[PDB]
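With ideal geometry, Cβ positions are generated from the backbone for all residues, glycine too; neighbour counts draw on all protein chains shown. Just so it is clear, none of the values below were taken in a lab; they were calculated from the coordinates.
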Amino acid sequence: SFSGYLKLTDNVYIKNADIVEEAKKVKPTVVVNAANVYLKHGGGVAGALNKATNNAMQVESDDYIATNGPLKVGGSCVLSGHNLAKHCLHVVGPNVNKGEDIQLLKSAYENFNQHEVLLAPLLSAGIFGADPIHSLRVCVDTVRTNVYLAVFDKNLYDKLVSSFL
Ligand SMILES: c1cnc2ncccc2c1
């Protein structure tokens, strides 16, 4: 199971780890992807998860978009987890760098409540442009299910833990 996670709250845990490597090791029921509305997994967590699936995640995502159209910012869809997890929950947090509404971050985290346990990144953090300290705060105040956060950056991980209220 999940190991080496620091407990933040009753249900939120955090570790300095590459979510791809965490996924290959744990093979959780659900890995969360930091998706965009088009499921175009180019960079950040999405690009890394997709590259780990040998592009099978992108092929599956393009078929999903061809059938269903784009997701909403704050929305999600459940697709295969391929070699990483049983399922991948593609969650669209607002991309501040693309001018999207930061108020949608709480709606994005509400998607996690449909799954008992998840391996996840901090939504809207990294190349999405939001303040990761704010994202962790919204996570612990929104998610009620068991969330194991993987923070790739060591220096950001230290900053998140040492500043956690
Ligand atoms: C490999 C490469 N880029 C990453 N970016 C964000 C999170 C995890 C990653 C792993």
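Between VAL30 and residues 5 or more places away or on another chain, which pairs have amide H atoms under 5 Å apart, with H built 1.01 Å from N, and which residues are they?
Distant-sequence amide H within range of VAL30: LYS86, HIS87, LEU119.
Taking θ as phi - 60°, what are the ³J(HN,Hα) couplings along region 97-109 by the Karplus curve (6.51, -1.76, 1.60), each to the nearest whole Hz, with x for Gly and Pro?
These are the phi-based 3J(HN,Hα) values: 5, 8, x, 6, 5, 4, 4, 6, 5, 5, 4, 4, 5 Hz.
What is the calculated FRET efficiency for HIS134 to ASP63, with r their C-beta to C-beta distance and R₀ = 22 Å, to the nearest 0.05? Numbers along the way, then the final one.
Working: r = 34 Å, r/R0 = 1.56.
The formula returns an efficiency of 0.05 here.
Determine ³J(HN,Hα), in whole Hz, for all residues of region 35-45 in sequence, where each value follows from phi through the Karplus function 6.51 cos²θ - 1.76 cosθ + 1.60 and θ = phi - 60°; x replaces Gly and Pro.
8, 10, 4, 8, 6, 9, 8, x, x, x, 4
Rounded to two decimals, what is the ratio between the C-alpha radius of gyration of region 20-68 and 2.2 N^0.38 Å?
On the way: Rg = 10.9 Å, N = 49, 2.2 N^0.38 = 9.7 Å.
Normalised by 2.2 N^0.38 Å, the Cα Rg of region 20-68 equals 1.13.
How much length is gained if the chain between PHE164 and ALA56 is pulled fully straight, taking 0.36 nm per residue apart and subtracting their Cα-Cα distance, in nm to one decimal? Can you show the working numbers first?
On the way: separation 108, 0.36 × 108 = 38.88 nm, distance 3.67 nm.
Full extension from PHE164 to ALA56 adds 35.2 nm.
Please compute the Cα-Cα pair-distance distribution of the chain with 10 Å bins starting at 0, giving whole percents from short to long.
Binned Cα distances yield the sequence 11, 44, 37, 7, 0.
For labels at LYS25 and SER1 in the simple 7 Å Cα→Cβ model, what's the distance in nm?
For the pair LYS25/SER1, the computed spacing is 1.6 nm.
Using the Kirkwood radius over C-alpha pairs as Rh, can you work out the diffusion coefficient of region 88-157 via Stokes-Einstein at 25 °C, viscosity 0.890 mPa s, in µm² per second?
Working: Rh = 12.1 Å.
Value of D from the Cα-based Kirkwood radius: 202 µm²/s.
Just rank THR53, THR9, fewest to most, by other beta-carbon atoms within 10 angstrom.
Working: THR53 20, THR9 13.
The most exposed by this proxy come first: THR9, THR53.
Taking every DSSP beta bridge with both residues inside the chain, roughly what % is antiparallel (nearest 5)? Don't skip to the answer; put the middle values down first.
Values: 7 of 23 bridges.
Percentage antiparallel, nearest 5: 30.
Would you list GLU22, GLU116, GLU60 from fewest to most Cβ contacts within 10 Å? Write down the numbers at each step before the final one.
On the way: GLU22 26, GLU116 9, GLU60 17.
Ordered by Cβ neighbours within 10 Å, fewest first: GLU116, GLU60, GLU22.
Do the alpha carbons of any pairs in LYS15/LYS72; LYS25/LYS106; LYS40/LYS86 sit beyond 24 Å of each other, and which pairs? Mind dumping the intermediate values first?
Numbers: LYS15/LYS72 29 Å; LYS25/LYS106 29 Å; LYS40/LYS86 20 Å.
Checking Cα-Cα distances, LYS15/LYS72; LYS25/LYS106 exceed 24 Å.
Amide H neighbours of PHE164 under 5 Å, at least 5 residues apart or on other chains, H built in the peptide plane: list them.
none
Considering amide H positions built from the backbone, and no H for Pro or chain starts, which residues 5 or more places from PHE152, or on another chain, come under 5 Å of its amide H?
For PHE152, the qualifying residues are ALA17.
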